[PDB]
Structures are given as C-alpha cells and as structure tokens.
Amino acid sequence: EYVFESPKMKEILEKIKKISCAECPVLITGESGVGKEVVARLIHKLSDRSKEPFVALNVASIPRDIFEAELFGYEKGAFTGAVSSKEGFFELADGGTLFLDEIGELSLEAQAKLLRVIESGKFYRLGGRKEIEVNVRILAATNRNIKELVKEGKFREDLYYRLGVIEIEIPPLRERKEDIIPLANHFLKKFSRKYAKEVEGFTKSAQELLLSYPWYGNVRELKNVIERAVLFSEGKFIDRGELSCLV
Amino acid sequence: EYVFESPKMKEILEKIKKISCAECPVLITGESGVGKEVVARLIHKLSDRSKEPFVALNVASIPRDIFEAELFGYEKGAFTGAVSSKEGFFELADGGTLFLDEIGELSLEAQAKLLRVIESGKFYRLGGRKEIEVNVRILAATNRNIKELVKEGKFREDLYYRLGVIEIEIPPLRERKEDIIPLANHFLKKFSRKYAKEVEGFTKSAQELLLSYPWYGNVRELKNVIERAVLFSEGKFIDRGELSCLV
Amino acid sequence: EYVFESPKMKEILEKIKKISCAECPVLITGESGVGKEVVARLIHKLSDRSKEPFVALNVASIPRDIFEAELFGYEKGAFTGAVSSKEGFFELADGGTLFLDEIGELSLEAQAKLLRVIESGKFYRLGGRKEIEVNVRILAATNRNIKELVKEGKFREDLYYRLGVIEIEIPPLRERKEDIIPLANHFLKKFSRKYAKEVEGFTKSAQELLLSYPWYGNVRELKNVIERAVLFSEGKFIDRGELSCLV
Amino acid sequence: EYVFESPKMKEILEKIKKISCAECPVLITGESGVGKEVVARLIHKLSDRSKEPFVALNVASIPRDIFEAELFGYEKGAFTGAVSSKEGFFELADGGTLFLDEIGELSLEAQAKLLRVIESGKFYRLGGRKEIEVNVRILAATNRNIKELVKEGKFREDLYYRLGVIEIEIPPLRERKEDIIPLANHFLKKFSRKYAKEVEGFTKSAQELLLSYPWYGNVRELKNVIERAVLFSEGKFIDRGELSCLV
Amino acid sequence: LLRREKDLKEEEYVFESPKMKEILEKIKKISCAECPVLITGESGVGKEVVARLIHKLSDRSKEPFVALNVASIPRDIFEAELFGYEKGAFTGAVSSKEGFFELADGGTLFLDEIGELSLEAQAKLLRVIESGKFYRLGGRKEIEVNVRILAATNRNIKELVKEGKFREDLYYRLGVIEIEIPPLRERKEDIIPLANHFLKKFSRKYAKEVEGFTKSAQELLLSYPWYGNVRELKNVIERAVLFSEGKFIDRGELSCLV
Amino acid sequence: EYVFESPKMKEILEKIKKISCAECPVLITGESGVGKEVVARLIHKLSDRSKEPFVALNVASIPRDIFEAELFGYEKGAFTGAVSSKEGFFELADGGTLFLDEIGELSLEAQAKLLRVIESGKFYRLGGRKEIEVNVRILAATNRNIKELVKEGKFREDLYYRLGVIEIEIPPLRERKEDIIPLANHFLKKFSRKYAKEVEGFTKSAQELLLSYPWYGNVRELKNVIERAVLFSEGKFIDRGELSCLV
Ligand SMILES: Nc1ncnc2c1ncn2[C@@H]1O[C@H](COP(=O)(O)OP(=O)(O)O)[C@@H](O)[C@H]1O
Ligand SMILES: [Mg+2]
Ligand SMILES: [Mg+2]
Ligand SMILES: [Mg+2]
Ligand SMILES: [Mg+2]
Ligand SMILES: [Mg+2]
Ligand SMILES: [Mg+2]
C-alpha cells in the first residue's frame, strides 16, 4: 500500500528484489526520514528468510562498557553477573536479519569489537571459552555522511569497505517531485481513520504549493504536516489557506 | 485559577483542546518563565488521560552514566546491578504523560539515544532480550531557539522532526499587555493571604507602570515583584513609589 | 556580638526583620570579606525558621561526578552504589534552610540541573520512581556581579529569575566609614584576649590613616591586619608606625 | 643544624619566634631553594603544636579526579567508592599543622574548592551528612610572584585574603652574601661524612669566587655544587680550580 | 645460534675516544654517590648504557634496577602507578597496590625520555625527587623510600628551561650531576672498532663469512656524519652482513645506504 | 596463491628470500592498497617463525584513552574500569611477528611511548609490578615517505632509526603492467564460487577498460570493483557495461 513512483525512486525497487537472497553486508545511506527503515524492513521481508524474527537495535545507544557483553552474550557466572547464562542479540538473530540504525554515530572503540566479527562470522562470548558460529544477515543505516568520517579519521577505513560493498542511496523528496502527492494521500487515509474525521483529499490550489516547498525533512516531515492538517480541518477538503499558516 | 486574557494567548487556548484527544508528541518553545510548564501540565488535565500519571523531568539533571539505565530500565544481571530488576521512567509513565523540560540544553550524544524510542515507543531494557513497547505521550520544552541550533549543528536534525509533530511558541508578556493586570492581581491575592496582609489592589498610576516596563523575565518576574511588594506593604494599596525601588 | 554602626547597614537590617515571615529565596552580593556569609546566618536567626537546620555548603566544592547524587540523594542500586539508601542535601534541609555560597562559580551545564529543584522544591531520588517534595528556604551568596554576567551570557538568564526573588547588594567598606572603628575594637578585644597582650586602644595619629585606606579586602582584611598588628604590639597602645608598613 | 648569619634572615628569625603562638595562616614566597620549606617546617617546631601532627603535602601531586575526595574524606557509598571509609587530609591535620607546598600551581577552578575550608575549618565528607569541624594552622609556599598573579587575574583574590594573614618573603641568595660561606662549610661537613672523605675547608681564592657567583638556584644549587666538589676532591681543601670546571 | 645467551664474555662495550674515556673515569668517582644524575645527548649515543653502567659500578649494583618509559605512562593513572594507591579512592581495583617508587626502595630508578614530559606533569614529581617522600593515593601514612634517580633525554634540557618549556625548580633537583654525551662524529676513534664489533656479532647470528672492511670503505664511514649515531651504525652493519657475499665490504655496497 | 608478475614485483620476492633468516625490523612504503600487507604477510610465512603467531594491527585507529591498555595490557584494576586481566598485543605476539599498519598516520605524541618497546622488547603491564619481556619481530607500513616527513618535524627522528633498517618501496600499479589482468581473474574464481554464479571469465570488451589504467585506489579498488561486478553479473561472461557503470 506504500508508494514507489518516479523514475528515480522506482529504480531502487529493482535493486532490492534481486539481492533478497544474498548473504553479504549492506550499507544504506540517505537523509533521515526518507524511508530507509521501510527498506531495511523490506529486504528481510523479500529475502529467502521472511518468516524469521526481525531484531531492531539502536546502535550507539548501547553503553561502550556493556556493548560487547550485551551483544555477544556471556555464560553462567563469569565476571560477576547473574547466576545463569544469557543469550546475546546475535544468537537471537541467528538465521535471521539484524538491523542497526545510525551506525555512523558509533564510537571508535566499539567498532573494533565487532570488526573481527564481521569477516569471520565467529566470536567469543565475554567470559565464554568456546568459539561460537552463527549465521546472521547484517543491515545498517545512517543519516550522516560516511564518506566524510573516514576522511576525518572519525571512521575506520577498513570497516567502510567491508560494509560498503553494496551501497544504496536514497535521494531526498525535492529531487522526487512526482512522488509527493501520492504519499500525501496515503497519510490522509491513515490520519482520517485515526482521529475519525470526514476528510477525503486536497484542493488543487493546495497541491501546487507542496511542489515549490523544497522539503528539508523529506517523508518524515510530511507525515507530521498532514497529521496537523487533518486535526484542524473543518470540511472534507483542505485549501491552500489552511497550509499558509503552517508555512 | 489559570489566567488567559489576550488575543495571542486565546488562540493557543483553542489549540490545546483539539489535541486533548491527540496521541502525538508536542514541542513547546518560548522564553523561560512564560508558562511553558503550565501549558504542559494542562494538556494532560484536558486530555482523556488526565486521570493517569504525569511524570516531570528536568532531563539536564540526569547523570550521563545511568542515563541509559535509569530511563529504559534493566533486568537483573547487568554488570552486578543490584539483585532485583527495576522499571524505567518510560514504563512508569505507561498510560500517562512524560514531560521532558528544558530539553534544548541536552548534549548531542544523549539526544541520539532517544531517537528510536520516541516514534516507535519501543526499546530494549538493559540486559533484556525482549522488545518492549509502551504507550506514553511525550511533551518537551526549551527556552532557547532550537530551530537555530539545528542550523548551527548544535542540535540533531533527525530528532527535531520526531518531537516537532506539534510546535507551539509562547509569546512574551510585553506582547500580552492584557494579561499583565489579571496576573498581577491574582498573585497578590495568594501572597496577601499567605503572609496575612491587608493588601487588596493597585493604584491607577502603579498599574500604568506595569504596562510601560518591557518585562524581559516575563511572567516569572512578575510573581516575584509582587512577592517583594506584598512583604513591604504598609497600607492596603501599592503606589508607583513602592515599585520605583524595585524597577 | 555583631557590629552594625552605619547608615548603610542599618537600612538593610530593617529589611531583614520585615522578611522574617517570608519563605522565599535571597540573593546576596558583594566584595569578598564584606560579611555576605554573616547575613545568610542572620536571616535564618531572625526568621520563623530560625529553630530548624541551617546547612552550609560550598556548591563549587561539589565534584561533578557525584554532583547529582550528593544533592538529590539516591536509592540502593547505582552502578554498584553503596548498599543502603541515602538522603541528599536538599532532603537533609527539609524544614530548614539551605545556604549555597559561591553560586557564581558553577558551570552553565551544571546550573541547568538545579532549575526544577529551586522552584518546585521537587525532584526524583536516583533510582527512585516516586516524586519527592521538600520544603526548603534557599539562601545564596556570590562574589561576582550576576546582573553583568547574564548580559555577557556567562550566567543562565532563567536561573537568575528563580533565585532573585529578593536581591541584597551591600556596599564595600570604603563606603562605610562608620563601621571601621567599632569593628577594629572588637577584633582587638578578641585578639588581645586570645594572645594575652597588654594592648588597650589606638593612638589618635594611627586611627586617622586607617580610615583613609581603600580596603579592597574589606572586613576580612581588617581582621587580618588587626591579627598581624597585635602580635608585633609592644606597648598598651598601637601607634601609626606598626600599621604604616602595610600601607 | 640550620644556618642564619644574615642580617635579613636574623630579623625574620626573630619575627618567627614572636608569631610562634599564632593559630593563623602564613604565606611564604621567594625563589626556589631559598629555604621556604625549612622556615615552614621550623614554625611548627617552635609553635604550641610542635608535638602535634605535621602534614606535608604537594597539592600539585593530587590528581584532579579525586582532589575533592582525598582532601575532605569520604564515606562508604558515593563514587562506587568501593568499601572502606577514609579520612581526608584536613581531618588528618586536626590540631596539627597543614603544609601546602606549591599552592601557586593550582588551576583557578580548583582553588575554589578549598575556599570555605581554609577560613571556616568546616566541610562535609563525601556522602557524609554530618558537618565536620577542625582546627588547622595552614602553611603555604610558592616559587612564583604572587602579588603579580592577582593583578593578572591568574589567582583568585578571595583566597589570598584567607591565606594571607602573615606573609613572609625570603630574598634570594645573591642578596645574602653573609649566608654563603657558613652554608658551604655545613654542606662540606655532611658530604665529607657521608662519602667518608678527607676534606676540611676552602682556599682563600676559592671562597672569594663563591661570593661573586650569582646563584640563580640559591641554596639548593649550592648544595649540589658542594656535593660535586666533595665527590671529586683529592686533598683536604678545595681550590678555585676545582670550581672553575663547574662551570 | 642466536644472540648469546649465557653472555660469558661478553656484550662488552667500546670506549676508545678521548671524550668517552674521560666520561668513564668520572663515573668511577660517583660509585659511592647517592645523588640524581642527568644524562643528555643525541639519540643512539649509549645514554641507556651509561645508566645501566652507573648502576653496575655503584654500591647498589646488586639491588633492583627499574627501567621505565615515563612518556608511555597514561596521564590519568600517572599519579597512581607512580606513588601507588590504596583500596579505594579511584574505583580502582579492589586491593591496595605499591607504586614504582615503593618498588625501587633501596634500589635505583631510571627515568627514560624525561625531557618529553608536560609541565603540568613535571610539577607532581617535586617532593618525591628531592625528599623521597609522598602519600599513597587514598593512603594516610607518609611513605619514605630511598631511591637514586637516573634520567635521560635526547633533547637540550637547559634550552627548555630558558624557553620556559621546562620547570627551573625541577632542573636543580635532577641536575646534581649532568652528563653530556658527545655524538659519534665528534668521536672518530670509536667508529671503526664499533663497526667491527657489530660485524662479528651479526656474522655469528646470520652465519656469514665476513671478517672486515676494505680500506676504501673505512674512508666513507668516517665522512658520514652519523646523525643517527651508533644506532644507525648497528643497523647499517646488520644491513651489509645479510647482503654480504664474500668476506669483505667495499665502498660500493655503502653508497646505496647513504 | 598470490600474484606476482611484473619485474618490480618479481625482483622483490628474491630479496625477501635472502633475508628470510633475518630477525630485524622492516620498513615498507607505497600508496595505500599496493600490497604492503601481503608482502609483509608473506615475509612471516618465509621466516623462521612462520609457524608462530602473526598479529595484524592498525595503530593510528586505536583511541588515545585505551591506547596504553590494549597495547601493554593491564592487571586487574589500575584503571577506572577493567575488572579482568588482559594480555597485550605484544605478549600475544610473543615468539611471533607483529605488523603495525599505517604507522605514518600515528600521532607524534603516541610515537614516544613505543620507543623502549621496539628496541628492548621490554615494558611493564598496567598496574603490574612485574617487568614483561617478549621476543617480537617488527613490521611497519606507511602511505607516506618517512625520510621526508621527519624533516617536516611531523615524525620523531629517534623512532625512525629503530624501524628503518631496510627500506623497500613498492610501485602502486602503473609501473606494474603485468599484474593487473591475472589478479582480476583470480577473484572471479573465488567470487563466482562464493556466491554460486554461472560466471567463467571476462570478455575482450571488459579487458579494454582494464587496460585503460587510471587506478587511483590501486589494488584495493580492484578487489571491490570485481566483488561488485560479480554480484551484478547476468550472463556467464562479463561485458564492459557492469564495469563502466561504476567509474
Ligand atoms: N592478489 C591480490 N588481490 C588483491 N589485492 C592484493 C593482492 N595482493 C596484494 N593485494 C593488496 O594488498 C593490500 C594489503 O593492504 P595494504 O595496502 O598493505 O594496506 P594499506 O592500504 O593500509 O597500505 C590490499 O589493499 C590488497 O589490495
Ligand atoms: Mg532512521
Ligand atoms: Mg520548564
Ligand atoms: Mg563567602
Ligand atoms: Mg616548596
Ligand atoms: Mg634512549
Ligand atoms: Mg595498511
């Protein structure tokens, strides 16, 4: 029910469908709020692994101190914790796909811990003495410029080229004008339902404006703008005037 | 109890009643001491959740070390934490409202931690392997210009669009002259009673001064000036002369 | 046992007596050694709260790391913190008065933490989920000019309006000529007693020069100068010569 | 075993004996190696506390992170302060004398922490709820020009007036010619004893040179020069030639 | 065979120079001395060797010799690893721990690359160097230890003092005895004996047939103003032996090295 | 299985064969991605220690805070953190060979710490009082010309003399014409195998681009472009079109 229109955005859809079967690293890039999360969620859904669990993690929100332990896991006892052994996030995602959003904001110290893990697909639980092997597809996302961080010495060069084997860029909305209106309508359906309103669609006078506003917040800002409009709506349609106070 | 007399403020008064039913995040701006907290607490009382918990947080007062742990919560066995597991502030506010005050003073590193939590209402407990989802309405406030801070790279662009579903600016007092006297009189009533004094109201010449002093501290300054005035009053009324030493 | 002889100090002394019933924060300013500390104790003794605890604190002296914990207090578990629950200085002063000297030396980042505590008198213990409310009258003092610093952006504007309910400035010593001699005798009386000397009073020639001194160190400097002078005293009276080497 | 043959140092010696009874802080200044430590160590021996504790401290050797803790002391709790409670240096010096060497090397921010402690002799232990009071004589030393530092804003004026009750200036060695030879013989005595040598005294020509030698390092340099000579000595006396080589 | 290993006779060492011969004698005089020593010179001149030697000829030769790169100590634990620390006062460890100073008690302490220290860091050592006294971190008992200090730097230290880049008061604590090591280019006599010594060592390890140098080669070595000094030589000789074929080395083999 | 064709690449292999017995540090120079690690990795395989461990490390990438700890290792405690004892990379490489990558990108300050370690192979564990001694062969790499860099004061002169015994450069690619083609095919074999593809070899049209030289990223770019090309391959042979699409 989602929207893929325009020559630019439709082209990406083909790329994704072909790599659905692949076991190899993925690097997703673009501004935040362009729909990168949907794509990340989509690759898993379209893959040979569609029925398995999808584990969402906000990286960098993990403290550096428990990062390795909280991720890879630990056994019973073994450096003053609990009594019983506890699974790590990788083993829970074993056979599945793990999505790390905003990887580019990760600390230099933490990257090194997962670094050796990337190539071997093997690791040691903290305090565990038996090497474990798991099968996990890695997905990554960031709203920032990764190319820059490497040049600034803020990002390891070797990690970029390992994850950046395949790189998929999402362009902003201002470079996809054809996609604007169909999306706006999709949100109307959702918001009209939520707040139980009588709204149907937008007047043409309103529609012309969206194209001239170069949308710095992309999809994420739009979704918010519509939600505002539906709430203050009176009739079933929204005029340019109701947007004017919004802009 | 609460005072709104003004063109500017009455417009806002209407705005709140419509989102009383709304489930989405709110971002309040204005100088500090214009009543941002009153607005935040009021939305809750006027909403359908008015009977549920309301959690007030300074968020600048939170220590960096426990920031992650004290917020989301943890399961027993996170690097020798306690014995027992403890819920987080998000879980405590479930069904209720969570207010993050003076958010604009937060460091970029910390802002990012909150990213996945706001929109999805989902997160992971520390040491927990089970994804938790809770229902909490989020309000935020700051006394600085956040739109400018983003442009200066001092505040995350992606976080702004998550909280900024609704944006409400509070105008200063000098742009609300009609609010001055009602506010001034209301504060006097409580203080005269509290400190058991004989004071009732203001002389005409005194009232004229309040209108001419362009109030840089806004409403918060007013309350104090009356409190200063009430304590030193002799007769039942306050003249312009008694204010002269205060201004 | 305290000395107030002067037009300047007697006027202020009256103000203190009038606010004895008031429950609100006070801001003391002045050069170092002018008695800013004395007033803070005096307000307490003359107020209705005079019989309850008076807590003296160098706020600048609080290390940043435990700054939050030592102030608000904490529950048992805090990253292997203690065993037992412990109250903070705000809770310790409940029903009493809390005196923060050198408020002006705090970093902008740290000041932000104190905001909700000052006005609401409310906070959350560390690891505690129940909002606590305390009753504390706040007294503050600083050797800096706050009105200037705010304009220089070196001090939070919003915090000033929270603490600044009552503002007391106080003049240096050179602008109080009447206090010099009465004070000098008290210290001489004190030190002659302490150090068992034969000294009684001052020669006429000595006294005239002393009054014409700029006194950058104010009363504290006097106390030191008398202590220095008494030790080297020979006769029962002190001449201009023993003081002359200091000026 | 200490040497004072100079007119200036003899006057100071008298000055010291008169102030032996005082309980108040002393500030010693001068070039390094002029004997600032012997005087400080001596005053204790001549005071009423000569049998009481003498605490020697390099305030510069205290690391920034525990500066607060190592000084005031701490209770089991607080930091993750492990298990045992520990006294602070101030509690250690109660009834005794506290010697702070190289006070002049403190960072302006750090100076402020000890401020209330110096004058009041009062503080709170870390995690402690009972105010502790001690009676401590404070001694301080610096190799820097302190009068200058205040004027440049590099040293707080407020601390100076707390510490600066008694100020003792030690002149360099080049301004005490009378002290040179008596000192030299004493140093000759010790090293001749330690290294079991045959040396007795100086040639007439050599002694003259020492007097014309602008000692920049003062006594500390002399001691070293003597130590070199005793080691390399052959006969019972040292000629100008043995010194000519140095340097 | 590899790098003796039972070291009967010997690692030995070469001193044939007038300057170095004079310095060797000076050392013999301080064998009884308990006082700090300051060694200066270009890099690779044997400053470490002298330091190890002063220890060997002293009365403390049988007691501990603590070798330390001070520059390598982290700023954060610098105070702690040095003076030592008690059970608390950090979030450090559990148990109390001795410092390197307390470890060298009765012995000799060698501080290498002292000249690279930051002014903030130098000030901390003051009471410890001259008085030999300090307080352990979190400790309330004043500790007193007996330690002879040796120091080294590859820079000009008097210069640093005059430039305000090195604390003056500290200089007079360490600088009781000061030893300036001249470079090799000012010791011409040491050149040939050294090269021969290195050649023999490497010939054994890497089993080659080389014995000595041609007359033409020796001339070049003398005209090479050795900016890396002996350390450069040791490397240069080691380089030649591996690539050596016959028993002698000509000037041609050196040209690619210089 | 490594590819050496060009005369430059073939001659160097012979040089190594002679020094296989040598135990001394090595200095490798050339552009990034020229095979410095492979040359280095081969040397180990050819050495007397070839059967012992080989430790690869990027030095410039280590964070300053843990730089010392991860390198020398540490005993339990002696740090704020670190429950567990840790071997260092030096001790981990004991009896083996240690490869330091991108030394030329290392901070000047960090270089000074390594001095005694390189030549003497001795150090003290962090918090350990027992001296550690190891037998380790040194390998070094840089993307810059070091002899020049020292003269610019960007690299310590004394450290160079430790690593710079033998200096061997490598041409990037452009002076090796013969190595280009054999390499590309070698990867096709692995990548066709790894991802189970139908690919066999390259068409003549593909090769024409390969002969169009300008590889600014040298060999490192090649491996990635081929890895990229194989995934996007359609037929059993690859035309210029999938390669043309990148650069
Ligand atoms: N047969 C080969 N195929 C691909 N790459 C090779 C081959 N032989 C050597 N290399 C190159 O060896 C290099 C090893 O990395 P290196 O260039 O030493 O690191 P840096 O780029 O940091 O100098 C790789 O970049 C790789 O391209
Ligand atoms: Mg995202
Ligand atoms: Mg607020
Ligand atoms: Mg004060
Ligand atoms: Mg001193
Ligand atoms: Mg050296
Ligand atoms: Mg490399």
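Residues numbered from 1 in each chain as written, not as in the entry; some residues may be left out. Chains lettered and ligands numbered in written order. Heavy atoms only, no water.

For this coordinate set, the PDB header names X-ray crystallography as the determination method and states a resolution of 3.210 Å.

Going by what the PDB entry lists, chain A is known as Transcriptional regulator (NtrC family) and is assigned to Aquifex aeolicus. The title given for this PDB entry is "Nucleotide-induced asymmetry within atpase activator ring drives s54-RNAP interaction and ATP hydrolysis".

Looking at the PDB entry, chain E carries the name Transcriptional regulator (NtrC family), with the source organism given as Aquifex aeolicus. What the UniProt record of chain E gives under Subcellular location (unreviewed entry) is the line "Cytoplasm". (UniProt positions renumbered as here; feature names shortened; annotations may be inferred.)

Engineer: Would you take a moment to explain the side chain of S233 of chain B for this structure?
Structural biologist: Residue and element names in this part refer to chain B. Considering the arrangement of structural elements, one finds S233 in the loop between α11 (218-232) and β11 (237-238). A distance of 3.0 Å separates a polar atom in the side chain of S233 from the backbone oxygen of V230. Leaving out residues up to four positions away in the same chain, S233 has contacts with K197, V199 and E242. (Helix = DSSP H or I, 4+ residues; strand = E, 2+ residues; numbered from the N terminus. Polar contact = N/O pair within 3.5 Å; in protein donor to acceptor, adjacent residues only side chain to side chain. Contact = heavy atoms within 4.5 Å.)

Engineer: Hey, could you run me through the sheet that holds strand β5 (residues 108-112) of chain E in this one?
Structural biologist: Note on sheets: strands pair through backbone hydrogen bonds, and any given pair is parallel or antiparallel. All names here are of chain E. Read from one edge of the open sheet, 5 strands run β2-β5-β8-β1-β9, paired in parallel fashion. Two strands in the sheet have a free side with no partner beyond their single neighbour: β2 (65-69) and β9 (177-181). Ignoring which end each strand starts from, the neighbouring axes of this sheet average 15° apart. Here β2 pairs with β5 via 5 bridges, running parallel. Each bridged residue has a counterpart across the sheet, and for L68 the counterpart in β5 is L111. Across the face of the sheet, helix α2 (residues 47-57) comes into contact with β1 (37-41), β2, β5, β8 (148-153) and β9 while running at roughly 155° to β1. (Pairing = 2+ DSSP bridges. Axes fitted to C-alpha atoms, helices over the stretch in contact; angles between N-to-C directions.)

Engineer: Help me out: how do you make sense of the packing of helix α9 (residues 180-194) of chain D against helix α11 (residues 218-232) of chain D in this one?
Structural biologist: To characterise two packed helices, one gives the angle between the axes of the helices and the distance between these axes. Residue and element names in this part refer to chain D. Between α9 and α11, the shortest axis-to-axis distance is 9 Å and the interhelical angle comes to 45°. As judged from the angle between their axes, α9 and α11 are oblique. The way α9 lies across α11 gives a crossing that is right-handed. Of the residues in α11, those in contact with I180, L183, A184, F187, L188, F191 and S192 of α9 are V219, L222, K223, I226, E227 and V230. Of the residues belonging to the contact of α9 with α11, the class tally is 10 nonpolar, 1 polar and 2 charged. (Parallel < 35°, antiparallel > 145°, perpendicular 65-115°, else oblique. Left-handed = near helix turned anticlockwise from the far one by under 90°. Nonpolar A, V, L, I, M, F, W, Y, C, P; charged D, E, K, R; others polar.)

Engineer: Can you walk me through the pairing of strand β7 (residues 166-169) of chain F in this structure?
Structural biologist: Residues and elements named next belong to chain F. Burial along β7 is one-sided: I166 and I168 are buried, while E167 and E169, pointing the other way, are not. As judged from the 4 bridges shared by strand β1 (residues 26-29) and β7, these two strands associate in the parallel manner. When the bridges of β7 are listed, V26 appears paired with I166. (Buried < 20%, exposed > 50% of the residue type's maximum accessible area, 1.4 Å probe, protein only.)

Engineer: Help me understand the interface of chain E and chain F in this model?
Structural biologist: When the parts come together, some accessible area is lost, and that loss is often what is quoted as the size of the interface. Each side of the interface is counted separately: chain E has 39 residues, and chain F has 37 residues. In total, about 3,100 Å² of surface goes out of reach between chain E and chain F, with carbon and sulfur atoms giving 56% of it. Summed over the three residues of chain E that lose the most area to chain F, namely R231, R239 and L242 of chain E, the buried surface amounts to 14% of that side. Connecting chain E to chain F are 5 salt bridges. (Buried area = accessible area lost by both parts, 1.4 Å probe. Salt bridge = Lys/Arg side-chain N within 4 Å of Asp/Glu carboxyl O.)

Engineer: I keep staring at the site of ligand 1 and nothing clicks. Help me out?
Structural biologist: All names here are of chain F. Lining the immediate environment of ligand 1, one finds 14 residues, of which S32, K36, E37, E102 and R220 sit closest. With respect to ligand 1, the side chain of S32 contributes an N or O atom lying 2.5 Å from an oxygen atom. One nitrogen or oxygen atom from the main chain of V34 is found 3.4 Å from an oxygen atom belonging to ligand 1. Elements represented by at least two residues in the shell around ligand 1 include exactly α2 (36-46), α9 (180-194) and α11 (218-231). Residues belonging to the shell around ligand 1 are distributed by class as follows: 5 nonpolar, 4 polar and 5 charged. Looking at which domains feed residues into the shell around ligand 1, each of domain 1 (1-173) and domain 2 (174-247) supplies at least three. (Near = heavy atom within 4 Å. Domains from an automatic or database assignment.)

Engineer: What should I look at first to understand the interface of chain D and chain E in this one?
Structural biologist: Contact residues are listed per partner, giving 39 residues for chain D and 35 residues for chain E. Surface buried jointly by chain D and chain E totals about 3,200 Å² across both partners, of which 54% is contributed by carbon and sulfur atoms. Broken down residue by residue, the surface that chain D buries against chain E is led by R220, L231 and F232 of chain D, which jointly contribute 15%. In this structure, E105 of chain D and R167 of chain E form a salt bridge, with 2.7 Å as the shortest nitrogen-oxygen distance. Remark: the boundary between chain D and chain E carries 8 residue pairs in polar contact.

Engineer: Just to check I follow, could you spell out helix α9 (residues 204-212) of chain A for this structure?
Structural biologist: A turn of α-helix holds 3.6 residues, and therefore any two residues three or four places apart point the same way. Residues and elements named next belong to chain A. For α9, the complete set of buried residues consists of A206, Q207, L209 and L210. The buried residues of α9 occupy an angular sector of 155° when the element is viewed end-on, so they sit on one face. Facing away from the buried side of α9 by more than 90 degrees, the exposed set consists of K204 and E208. Structurally, α9 contributes buried residues whose contacts are with α8 (180-194), β8 (201-202), β9 (237-238) and α11 (240-244). (Arc of directions from axis to C-beta.)

Engineer: Sorry, what's going on with the sheet that holds strand β6 (residues 137-142) of chain F here?
Structural biologist: Residue and element names in this part refer to chain F. The 5 strands are arranged β2-β3-β6-β1-β7 in an open sheet whose pairing can be described as parallel. In this open sheet, the two strands that pair with only one neighbour each are β2 (54-58) and β7. Going from strand to strand, the sheet's axes swing by 20° on average, the running direction of each strand aside. Summarising the sheet, strand β3 (residues 97-101) and β6 pair through 4 bridges and their orientation is parallel. Considered in β6, the bridge of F99 is made with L139.

Engineer: Where do I start with the domain arrangement of chain E in this structure?
Structural biologist: Residues and elements named next belong to chain E. Under the domain assignment, chain E is made up of domain 1 (1-185) and domain 2 (186-258). Each of domain 1 and domain 2 was reduced to a C-alpha centroid, and the two centroids are 32 Å apart. Between domain 1 and domain 2, the residue contacts involve 21 residues of the former and 18 residues of the latter. Counting the surface lost from both domain 1 and domain 2, the interface buries some 2,100 Å², and carbon and sulfur atoms represent 53% of this.

Engineer: In this structure, what is going on with a positive patch on the surface? I would like to understand it.
Structural biologist: Residues and elements named next belong to chain E. Taken together, the side chains of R3, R4, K6, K200, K201, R204 and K234 make up a positively charged region of the molecular surface. Of the residues forming the positive patch, the biggest block, 3 residues, is contributed by helix α9 (residues 191-205). Counting through the fold element by element, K200 comes out in helix α9. (Patch = residues over 30% accessible without salt bridge, like charges linked within 9 Å, V, L, I, M, F, W, Y side chains within 5 Å. Areas by Shrake-Rupley, 256 points an atom, 1.4 Å probe, with all protein chains shown as cover. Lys, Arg positive; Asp, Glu negative; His and termini not counted. Charge placed at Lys NZ, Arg CZ, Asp CG, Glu CD.)

Engineer: Even after reading the chapter, I still don't get the arrangement of the chains, so can you show me in this structure?
Structural biologist: Taking C-alpha atoms as the reference, chain C and chain E come no closer than 10 Å and do not contact one another. You won't find any contact between chain D and chain F; their C-alpha atoms come no closer than 11 Å.

Engineer: Even after reading the chapter, I still don't get unusual backbone geometry, so can you show me in this structure?
Structural biologist: A negative phi angle characterises most non-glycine residues, just as the trans form characterises most peptide bonds. In the segment running from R4 of chain E into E5 of chain E, the intervening peptide bond is cis, with an omega of 20°. With respect to the element layout, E5 of chain E can be found in the segment before α1 (18-29). That bond from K9 of chain E to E10 of chain E is cis: its omega, -20°, falls within 30 degrees of zero. Phi at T80 of chain A takes a positive value of approximately 35°, unusual for a residue other than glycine. By secondary structure assignment, the location of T80 of chain A is in the loop between α3 (64-72) and α4 (89-92). Accessibility expressed as a relative area gives 54% for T80 of chain A, which makes it exposed. A positive phi angle, close to 40°, is found at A196 of chain B, a residue other than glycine. In this structure, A196 of chain B sits in the loop between α9 (180-194) and β10 (201-202).

Engineer: Help me understand the environment of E227 of chain C, please; the structure alone is not making it clear to me.
Structural biologist: All names here are of chain C. Among the structural elements, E227 can be located in helix α11 (residues 218-231). Once the C-alpha coordinates of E227 and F191 are considered, the two residues, 36 residues apart in sequence, prove to be 6.5 Å apart. For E227, the side chain forms a polar contact with the side chain of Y195, separated by 2.5 Å.

Engineer: Before we go on, may I ask you to explain a negative patch on the surface in this structure?
Structural biologist: Where like charges cluster on the molecular surface, the negative patch consists of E198, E200, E234, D239 and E242 of chain A. For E198 of chain A, a relative accessible area of 43% corresponds to the partly exposed category.

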